């Protein structure tokens, strides 16, 4: 029951980051079906490091299989507010320095 997401570089991190979530979010592509609100555990690798960051999050977004557009199936995971989550949002926001204002589309919005 342990998701893993590894983001090789800054583009991939940009596609995955959900800046419009409270506390921050990450999109995780998965064929597994999840309900909104499910608590879920993620092992996240950001592109600057091989460190794997545990993230205990609630599901807040889903994309179904065979979704319109070239949209990829998965779930959006809200970082828990509090130190643990705020660290991961922060790391993502500085890695994405210079792309925060981009127009390019994402896995979510």
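Numbering follows the first chain given and starts at 1.
Of the other structures of this protein that model both sides of residue 68, a third or more give it no coordinates. The stretch with the higher mean CA B factor, choosing between 42 to 50 and 72 to 80, is 42 to 50. On average the C-alpha atoms of 85 to 93 have higher B-factors than those of the other stretch, with 13 to 21 and 85 to 93 being the two compared. Residue-level temperature factors show residue 67 in the highest third of its chain, judged at the C-alpha atom. When the CA B factors of the chain's modelled residues are split into thirds, the value for residue 35 lands in the highest one. Annotation for residue 5: C-alpha temperature factor in the lowest third relative to the rest of the modelled chain, per the entry.
Ranked within its chain, residue 102 lands in the highest third, by CA B factor from the PDB record.
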